[PDB]
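In what follows, a structure is listed as structure tokens, so that the remarks can point back to it.
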């Protein structure tokens with residue numbers, strides 16, 4: 042069984058930027074989610090081999106995880122905050138597509154998502 | 115199937 046290659050975290054053709062919102066996304070938003078007790082299943086790409094989930098990458102064609110997001114932010118991969126926010130939303134959406142309500146991974150995602158939304162409700166200015 | 119039981123860190 043095989044995992045796909047992970048999402049790219051660097052691209053030498055993609056214009057890079059640092060914005061105050063992107064800085065906040067790394068130093069406030071990602072930091073707070075990463076240290077949460079429910080973060081661990083979301084800190085790296087889903088390992089469908091180890092979890093024996095052979096349908097995971099049949100169902101989820103746009104995978105995303107906080108390890109990828111962390112690296113993208115550290116690399117200045119993004120041009121704007123909305124690109125990064127979309128990656129978080131993709132991560133949560135994928136979880137809700139694949140898994141069922143009341144599964145532990147879903148309860149964990151829901152709590153992380155509430156925290157995410159609380160922090161992005163106060164995005165700073167440039 | 116799903117991912118099973120997950121304990122908090």
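Chains as they are written, first to last, in full-length UniProt numbering: chain A, 42 to 167; chain B, 115 to 123. Just so it is clear, CB atoms sit at the ideal spot from N, CA and C, and this is done for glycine as well.
Does the beta-carbon of residue i have 16 or more other beta-carbons within 10 angstroms, so that it is buried, or is it exposed?
{"i": "residue 158/A", "result": "exposed"}
{"i": "residue 121/A", "result": "exposed"}
Note down, in chain order, every chain B residue with its Cβ under 9 Å from the Cβ of residue i.
{"i": "residue 149/A", "result": "120 and 122"}
{"i": "residue 100/A", "result": "The premise fails here: residue 100/A is roughly 12 Å from chain B at the closest Cβ pair, so nothing lies under 9 Å."}
Once DSSP output is grouped into helix, strand and coil, what is the label at residue i?
{"i": "residue 107/A", "result": "helix"}
{"i": "residue 144/A", "result": "coil"}
{"i": "residue 83/A", "result": "helix"}
{"i": "residue 73/A", "result": "helix"}
{"i": "residue 163/A", "result": "coil"}
Taking 7 Å as the line, does the beta carbon of residue i fall inside it for any heavy atom of the ligand COA?
{"i": "residue 166/A", "result": "The ligand COA is not part of this structure, which contains no ligands at all."}
Using a Cβ cut-off of 8 Å, pull out every chain B residue sitting near residue i, in sequence order please.
{"i": "residue 80/A", "result": "123"}
Can you tell me which of the options puts its alpha carbon nearest to the alpha carbon of residue i?
{"i": "residue 105/A", "options": "42/A, 57/A, 126/A and 142/A", "result": "126/A"}
{"i": "residue 116/B", "options": "149/A, 155/A and 141/A", "result": "141/A"}
At a CB-CB cut-off below 7 Å, which residues of chain B make contact with residue i?
{"i": "residue 145/A", "result": "119 and 120"}
**Q.** Stretch-stretch touch, CB-based, cutoff 8 Å, three pairs: the segment 53-73 of chain A with the segment 91-99 of chain A
**A.** no
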